[PDB]
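Source file: query_33.pdb (PDB, C-alpha atoms)
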ATOM      1  CA  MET A   1      84.794  70.461  56.173
ATOM      2  CA  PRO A   2      81.612  69.063  57.773
ATOM      3  CA  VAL A   3      81.162  66.265  55.224
ATOM      4  CA  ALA A   4      83.340  63.258  55.973
ATOM      5  CA  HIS A   5      83.479  60.897  53.017
ATOM      6  CA  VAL A   6      83.819  57.379  54.368
ATOM      7  CA  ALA A   7      84.710  54.285  52.357
ATOM      8  CA  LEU A   8      82.954  51.083  53.381
ATOM      9  CA  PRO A   9      83.457  47.358  52.523
ATOM     10  CA  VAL A  10      80.166  46.756  50.648
ATOM     11  CA  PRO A  11      78.832  43.467  49.189
ATOM     12  CA  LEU A  12      79.534  42.177  45.604
ATOM     13  CA  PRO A  13      76.916  44.079  43.636
ATOM     14  CA  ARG A  14      76.633  47.680  44.798
ATOM     15  CA  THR A  15      73.612  48.192  42.563
ATOM     16  CA  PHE A  16      70.915  50.791  43.208
ATOM     17  CA  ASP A  17      67.302  49.692  43.730
ATOM     18  CA  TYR A  18      64.579  51.420  41.750
ATOM     19  CA  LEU A  19      60.872  50.672  41.665
ATOM     20  CA  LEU A  20      59.169  49.588  38.462
ATOM     21  CA  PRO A  21      55.913  51.423  37.646
ATOM     22  CA  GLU A  22      52.518  49.860  36.862
ATOM     23  CA  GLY A  23      52.546  47.142  34.196
ATOM     24  CA  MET A  24      56.179  47.523  33.151
ATOM     25  CA  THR A  25      58.428  44.457  33.287
ATOM     26  CA  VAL A  26      62.193  44.306  32.692
ATOM     27  CA  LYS A  27      64.586  41.374  32.569
ATOM     28  CA  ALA A  28      68.035  41.306  34.136
ATOM     29  CA  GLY A  29      70.334  42.631  31.442
ATOM     30  CA  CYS A  30      68.320  45.507  29.995
ATOM     31  CA  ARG A  31      69.100  49.216  30.103
ATOM     32  CA  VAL A  32      66.771  51.611  31.870
ATOM     33  CA  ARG A  33      66.499  55.343  32.466
ATOM     34  CA  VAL A  34      66.305  56.373  36.117
ATOM     35  CA  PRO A  35      66.381  59.453  38.401
ATOM     36  CA  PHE A  36      69.629  60.440  40.112
ATOM     37  CA  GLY A  37      70.621  63.274  42.422
ATOM     38  CA  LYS A  38      67.357  65.215  42.436
ATOM     39  CA  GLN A  39      66.344  66.317  38.949
ATOM     40  CA  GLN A  40      68.749  64.498  36.663
ATOM     41  CA  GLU A  41      68.410  61.268  34.693
ATOM     42  CA  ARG A  42      70.937  58.587  33.748
ATOM     43  CA  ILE A  43      71.063  55.337  31.775
ATOM     44  CA  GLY A  44      71.368  52.264  33.955
ATOM     45  CA  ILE A  45      71.457  48.507  33.486
ATOM     46  CA  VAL A  46      69.266  46.025  35.330
ATOM     47  CA  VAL A  47      71.475  43.549  37.196
ATOM     48  CA  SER A  48      68.761  41.722  39.094
ATOM     49  CA  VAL A  49      65.051  41.868  39.934
ATOM     50  CA  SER A  50      63.671  40.867  43.340
ATOM     51  CA  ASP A  51      60.585  41.539  45.464
ATOM     52  CA  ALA A  52      62.680  42.792  48.381
ATOM     53  CA  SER A  53      65.104  45.670  48.924
ATOM     54  CA  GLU A  54      67.423  46.983  51.633
ATOM     55  CA  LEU A  55      65.212  50.084  51.909
ATOM     56  CA  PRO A  56      61.442  50.566  52.392
ATOM     57  CA  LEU A  57      59.577  50.156  49.100
ATOM     58  CA  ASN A  58      58.105  53.541  50.033
ATOM     59  CA  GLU A  59      61.235  55.557  49.267
ATOM     60  CA  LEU A  60      62.640  54.191  46.019
ATOM     61  CA  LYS A  61      62.213  56.316  42.894
ATOM     62  CA  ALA A  62      60.587  54.640  39.905
ATOM     63  CA  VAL A  63      62.284  53.788  36.630
ATOM     64  CA  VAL A  64      61.352  56.280  33.930
ATOM     65  CA  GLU A  65      61.651  54.013  30.900
ATOM     66  CA  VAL A  66      63.006  50.654  29.751
ATOM     67  CA  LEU A  67      65.195  51.208  26.696
ATOM     68  CA  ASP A  68      65.269  47.456  26.075
ATOM     69  CA  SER A  69      62.863  44.588  25.438
ATOM     70  CA  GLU A  70      65.527  41.895  25.103
ATOM     71  CA  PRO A  71      68.813  41.837  27.101
ATOM     72  CA  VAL A  72      71.551  43.651  25.207
ATOM     73  CA  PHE A  73      74.043  41.217  26.743
ATOM     74  CA  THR A  74      74.552  37.627  25.575
ATOM     75  CA  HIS A  75      73.477  35.033  28.149
ATOM     76  CA  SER A  76      77.134  33.984  28.086
ATOM     77  CA  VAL A  77      78.745  37.434  27.975
ATOM     78  CA  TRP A  78      76.500  38.448  30.880
ATOM     79  CA  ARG A  79      77.395  35.476  33.073
ATOM     80  CA  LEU A  80      80.998  36.136  32.083
ATOM     81  CA  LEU A  81      81.057  39.894  32.814
ATOM     82  CA  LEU A  82      79.443  39.377  36.222
ATOM     83  CA  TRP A  83      82.031  36.728  37.068
ATOM     84  CA  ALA A  84      84.870  38.910  35.812
ATOM     85  CA  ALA A  85      83.603  41.792  37.939
ATOM     86  CA  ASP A  86      83.437  39.662  41.073
ATOM     87  CA  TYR A  87      86.586  37.579  40.488
ATOM     88  CA  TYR A  88      88.859  40.557  39.813
ATOM     89  CA  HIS A  89      87.222  43.007  42.233
ATOM     90  CA  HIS A  90      85.797  45.519  39.773
ATOM     91  CA  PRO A  91      82.596  47.534  40.212
ATOM     92  CA  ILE A  92      79.792  45.777  38.298
ATOM     93  CA  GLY A  93      78.643  49.086  36.868
ATOM     94  CA  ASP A  94      82.201  49.818  35.776
ATOM     95  CA  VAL A  95      82.568  46.575  33.842
ATOM     96  CA  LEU A  96      79.082  46.595  32.302
ATOM     97  CA  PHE A  97      79.200  50.116  30.913
ATOM     98  CA  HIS A  98      82.828  49.888  29.809
ATOM     99  CA  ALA A  99      82.213  46.496  28.231
ATOM    100  CA  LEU A 100      79.124  47.620  26.305
ATOM    101  CA  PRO A 101      80.765  49.943  23.732
ATOM    102  CA  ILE A 102      83.049  47.056  22.768
ATOM    103  CA  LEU A 103      80.418  44.312  22.647
ATOM    104  CA  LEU A 104      78.527  46.281  19.998
TER     105      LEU A 104
ATOM    106  CA  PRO B   1      58.485  45.679  42.075
ATOM    107  CA  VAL B   2      62.151  46.335  42.956
ATOM    108  CA  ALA B   3      64.859  46.330  40.271
ATOM    109  CA  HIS B   4      68.535  46.104  41.311
ATOM    110  CA  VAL B   5      70.224  48.483  38.875
ATOM    111  CA  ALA B   6      73.957  48.753  38.262
ATOM    112  CA  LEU B   7      75.083  52.307  37.491
ATOM    113  CA  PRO B   8      78.361  53.850  36.208
ATOM    114  CA  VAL B   9      79.351  56.059  39.160
ATOM    115  CA  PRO B  10      82.525  58.242  39.461
ATOM    116  CA  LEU B  11      85.913  57.231  40.847
ATOM    117  CA  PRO B  12      85.328  57.220  44.611
ATOM    118  CA  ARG B  13      82.023  55.592  45.601
ATOM    119  CA  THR B  14      82.484  56.884  49.150
ATOM    120  CA  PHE B  15      79.608  57.429  51.578
ATOM    121  CA  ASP B  16      79.096  60.884  53.082
ATOM    122  CA  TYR B  17      78.748  61.231  56.850
ATOM    123  CA  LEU B  18      78.308  64.317  58.999
ATOM    124  CA  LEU B  19      80.874  65.055  61.703
ATOM    125  CA  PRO B  20      79.327  66.169  65.012
ATOM    126  CA  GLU B  21      80.739  69.338  66.473
ATOM    127  CA  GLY B  22      84.172  69.803  67.937
ATOM    128  CA  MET B  23      85.367  66.648  66.177
ATOM    129  CA  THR B  24      87.865  66.884  63.304
ATOM    130  CA  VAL B  25      89.244  64.046  61.166
ATOM    131  CA  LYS B  26      92.073  63.856  58.629
ATOM    132  CA  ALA B  27      91.746  62.090  55.273
ATOM    133  CA  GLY B  28      93.155  58.664  56.045
ATOM    134  CA  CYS B  29      91.692  57.967  59.482
ATOM    135  CA  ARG B  30      89.338  55.191  60.562
ATOM    136  CA  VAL B  31      85.880  56.068  61.851
ATOM    137  CA  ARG B  32      82.831  54.321  63.281
ATOM    138  CA  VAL B  33      79.669  55.026  61.315
ATOM    139  CA  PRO B  34      75.978  54.005  61.238
ATOM    140  CA  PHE B  35      74.867  51.539  58.541
ATOM    141  CA  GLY B  36      71.498  50.093  57.514
ATOM    142  CA  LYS B  37      69.465  51.365  60.466
ATOM    143  CA  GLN B  38      70.766  50.011  63.762
ATOM    144  CA  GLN B  39      74.228  48.704  62.861
ATOM    145  CA  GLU B  40      77.812  49.970  63.248
ATOM    146  CA  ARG B  41      80.707  49.656  60.788
ATOM    147  CA  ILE B  42      84.353  50.729  60.639
ATOM    148  CA  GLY B  43      85.164  52.962  57.696
ATOM    149  CA  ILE B  44      88.021  55.131  56.479
ATOM    150  CA  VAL B  45      87.886  58.818  55.636
ATOM    151  CA  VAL B  46      88.899  59.231  52.011
ATOM    152  CA  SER B  47      88.267  62.975  51.885
ATOM    153  CA  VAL B  48      86.554  65.835  53.704
ATOM    154  CA  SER B  49      84.727  68.708  52.011
ATOM    155  CA  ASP B  50      82.062  71.253  52.924
ATOM    156  CA  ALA B  51      79.733  70.017  50.190
ATOM    157  CA  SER B  52      77.822  66.778  49.634
ATOM    158  CA  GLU B  53      75.639  65.220  46.934
ATOM    159  CA  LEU B  54      72.834  65.029  49.496
ATOM    160  CA  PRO B  55      71.203  67.599  51.837
ATOM    161  CA  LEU B  56      73.408  68.132  54.883
ATOM    162  CA  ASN B  57      70.271  67.512  56.938
ATOM    163  CA  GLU B  58      70.032  63.883  55.773
ATOM    164  CA  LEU B  59      73.544  62.645  56.591
ATOM    165  CA  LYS B  60      74.023  60.438  59.653
ATOM    166  CA  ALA B  61      76.796  61.543  61.987
ATOM    167  CA  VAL B  62      80.104  59.799  62.596
ATOM    168  CA  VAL B  63      80.042  58.013  65.941
ATOM    169  CA  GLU B  64      83.758  57.900  66.741
ATOM    170  CA  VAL B  65      87.170  58.672  65.245
ATOM    171  CA  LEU B  66      89.439  55.685  65.867
ATOM    172  CA  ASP B  67      92.554  57.618  64.759
ATOM    173  CA  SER B  68      94.292  60.781  65.934
ATOM    174  CA  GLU B  69      96.250  60.827  62.670
ATOM    175  CA  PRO B  70      96.449  58.724  59.418
ATOM    176  CA  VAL B  71      97.250  55.042  59.967
ATOM    177  CA  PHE B  72      98.512  55.146  56.383
ATOM    178  CA  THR B  73     101.853  56.618  55.344
ATOM    179  CA  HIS B  74     101.681  59.745  53.167
ATOM    180  CA  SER B  75     103.295  57.500  50.539
ATOM    181  CA  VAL B  76     101.264  54.322  50.997
ATOM    182  CA  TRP B  77      98.103  56.419  51.007
ATOM    183  CA  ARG B  78      98.966  58.287  47.811
ATOM    184  CA  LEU B  79      99.859  54.882  46.388
ATOM    185  CA  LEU B  80      96.766  52.901  47.395
ATOM    186  CA  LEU B  81      94.442  55.601  46.066
ATOM    187  CA  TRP B  82      96.310  55.505  42.769
ATOM    188  CA  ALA B  83      96.238  51.719  42.680
ATOM    189  CA  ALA B  84      92.501  51.631  43.356
ATOM    190  CA  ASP B  85      91.971  54.272  40.666
ATOM    191  CA  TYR B  86      94.364  52.975  38.010
ATOM    192  CA  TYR B  87      93.311  49.312  38.302
ATOM    193  CA  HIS B  88      89.606  49.943  38.889
ATOM    194  CA  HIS B  89      89.206  48.557  42.398
ATOM    195  CA  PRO B  90      86.777  49.868  45.049
ATOM    196  CA  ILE B  91      88.732  52.298  47.198
ATOM    197  CA  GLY B  92      87.187  50.741  50.295
ATOM    198  CA  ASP B  93      88.081  47.272  49.034
ATOM    199  CA  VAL B  94      91.724  48.259  48.561
ATOM    200  CA  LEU B  95      92.089  50.224  51.803
ATOM    201  CA  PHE B  96      90.698  47.634  54.172
ATOM    202  CA  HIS B  97      92.373  44.649  52.519
ATOM    203  CA  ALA B  98      95.651  46.566  52.435
ATOM    204  CA  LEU B  99      95.397  47.466  56.121
ATOM    205  CA  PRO B 100      96.081  44.040  57.724
ATOM    206  CA  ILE B 101      99.172  43.830  55.521
ATOM    207  CA  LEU B 102     100.655  47.232  56.278
ATOM    208  CA  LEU B 103     100.413  46.654  60.048
ATOM    209  CA  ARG B 104     101.139  42.961  60.667
TER     210      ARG B 104
END

Turn this file's structure into structure tokens for me.
Amino acid sequence: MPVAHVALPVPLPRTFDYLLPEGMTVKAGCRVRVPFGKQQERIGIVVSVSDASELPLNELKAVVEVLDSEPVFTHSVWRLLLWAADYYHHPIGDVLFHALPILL
Amino acid sequence: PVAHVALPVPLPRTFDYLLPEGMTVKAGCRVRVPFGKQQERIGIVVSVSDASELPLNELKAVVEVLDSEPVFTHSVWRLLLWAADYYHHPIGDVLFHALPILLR
């Protein structure tokens, strides 16, 4: 009863920022393993890579491992999926992960 | 450093807020909540439980409840939620876009 769950009108990509460790590069389109909750891990997909972030670079967990060296998404498929997601109002994560099993 | 990751989260991607004391809200009401750091935003209560993914000591508190009771019909509400769910649209996206229509 004390936790009100509010729904807000967030930007296009509602991605989650994670910090990359020392000497570990990843390109937009690769899958990565990251920390969620507290002591749980989950497979994610890199959407973008910038030097900035909505939150202080001091409180963003670091990626555990990059399960990819080369984007698992076609340069075309990728550009397409992102568009699709935005155009039809679908969560980027939703499209990406649902679209992966098929692409393979 | 930063890496904008897209993850496959559950159905509602709602944001948990803490209700101050002596202030109750029904699922379907609009509320004013803190965003970013020093910014306000109008949101809608999708649900209300006693639990929360995060520590109850880290959840900002609702600032104001703009509704005594649901601005959405018991029907419309039940419908919109479905719609959002069935067609894979952000619940917040559906609710706020659907609002101007239902009223005007």

Need the shell around region 60-68 of chain B: protein/DNA/RNA residues with any atom at most 12 Å away, counting all atoms listed in the file. Skip same-chain ones fewer than 4 positions apart. Format as a JSON list (two decimals) with C-alpha atoms, keeping the file's coordinate frame?
[["chain", "number", "residue", "atom", "x", "y", "z"],
["A", 2, "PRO", "CA", 81.61, 69.06, 57.77],
["A", 3, "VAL", "CA", 81.16, 66.26, 55.22],
["A", 4, "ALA", "CA", 83.34, 63.26, 55.97],
["A", 5, "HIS", "CA", 83.48, 60.90, 53.02],
["A", 6, "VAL", "CA", 83.82, 57.38, 54.37],
["B", 15, "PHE", "CA", 79.61, 57.43, 51.58],
["B", 16, "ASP", "CA", 79.10, 60.88, 53.08],
["B", 17, "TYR", "CA", 78.75, 61.23, 56.85],
["B", 18, "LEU", "CA", 78.31, 64.32, 59.00],
["B", 19, "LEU", "CA", 80.87, 65.06, 61.70],
["B", 20, "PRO", "CA", 79.33, 66.17, 65.01],
["B", 21, "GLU", "CA", 80.74, 69.34, 66.47],
["B", 22, "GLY", "CA", 84.17, 69.80, 67.94],
["B", 23, "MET", "CA", 85.37, 66.65, 66.18],
["B", 24, "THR", "CA", 87.86, 66.88, 63.30],
["B", 25, "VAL", "CA", 89.24, 64.05, 61.17],
["B", 26, "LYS", "CA", 92.07, 63.86, 58.63],
["B", 27, "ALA", "CA", 91.75, 62.09, 55.27],
["B", 28, "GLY", "CA", 93.16, 58.66, 56.04],
["B", 29, "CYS", "CA", 91.69, 57.97, 59.48],
["B", 30, "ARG", "CA", 89.34, 55.19, 60.56],
["B", 31, "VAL", "CA", 85.88, 56.07, 61.85],
["B", 32, "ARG", "CA", 82.83, 54.32, 63.28],
["B", 33, "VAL", "CA", 79.67, 55.03, 61.32],
["B", 34, "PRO", "CA", 75.98, 54.00, 61.24],
["B", 35, "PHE", "CA", 74.87, 51.54, 58.54],
["B", 36, "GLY", "CA", 71.50, 50.09, 57.51],
["B", 37, "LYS", "CA", 69.46, 51.36, 60.47],
["B", 38, "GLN", "CA", 70.77, 50.01, 63.76],
["B", 39, "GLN", "CA", 74.23, 48.70, 62.86],
["B", 40, "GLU", "CA", 77.81, 49.97, 63.25],
["B", 41, "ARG", "CA", 80.71, 49.66, 60.79],
["B", 42, "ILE", "CA", 84.35, 50.73, 60.64],
["B", 43, "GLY", "CA", 85.16, 52.96, 57.70],
["B", 44, "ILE", "CA", 88.02, 55.13, 56.48],
["B", 45, "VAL", "CA", 87.89, 58.82, 55.64],
["B", 54, "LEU", "CA", 72.83, 65.03, 49.50],
["B", 55, "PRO", "CA", 71.20, 67.60, 51.84],
["B", 56, "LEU", "CA", 73.41, 68.13, 54.88],
["B", 72, "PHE", "CA", 98.51, 55.15, 56.38]]

Kindly provide the residues of chain B that approach chain A to within 7 Å, each paired with its closest atom pair and their distance in Å to one decimal, based on all atoms listed in the file, listed by chain and increasing number, as CSV.
residue,atom,partner,partner_atom,distance
B:1,CA,A:20,CA,5.4
B:2,CA,A:19,CA,4.7
B:3,CA,A:49,CA,4.5
B:4,CA,A:17,CA,4.5
B:5,CA,A:46,CA,4.4
B:6,CA,A:15,CA,4.4
B:7,CA,A:93,CA,4.8
B:8,CA,A:93,CA,4.8
B:14,CA,A:7,CA,4.7
B:15,CA,A:6,CA,5.1
B:16,CA,A:5,CA,4.4
B:17,CA,A:4,CA,5.1
B:18,CA,A:3,CA,5.1
B:19,CA,A:2,CA,5.7
B:43,CA,A:8,CA,5.2
B:44,CA,A:6,CA,5.2
B:45,CA,A:6,CA,4.5
B:46,CA,A:5,CA,5.8
B:47,CA,A:5,CA,5.3
B:48,CA,A:4,CA,4.7
B:49,CA,A:1,CA,4.5
B:50,CA,A:1,CA,4.3
B:51,CA,A:3,CA,6.4
B:52,CA,A:3,CA,6.5
B:88,CA,A:90,CA,5.9
B:89,CA,A:90,CA,5.3
B:90,CA,A:91,CA,6.8
B:91,CA,A:7,CA,6.8
B:92,CA,A:7,CA,4.8
B:93,CA,A:9,CA,5.8

> Residues picked by the PyMOL selection byres ((chain B and resi 81) around 10) here, as a PyMOL selection string?
Replying inline: chain B and resi 12+46+76-80+82-86+89-92+94-95

> So how far away is CA of residue 102 (chain A) from CA of residue 77 (chain A), in Å?
Replying inline: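 It comes out at 11.8 Å.
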
> If the PyMOL selection byres ((chain B and resi 103) around 12) is run on the structure shown, which residues does it catch, given as a ChimeraX atom specification?
Replying inline: /B:71-73,76,96-102,104

>> Can you spell out as a PyMOL selection string the set of residues that the PyMOL selection byres ((chain A and resi 73) around 9) selects in the structure I just provided?
In response: chain A and resi 29-30+70-72+74-78+100+103
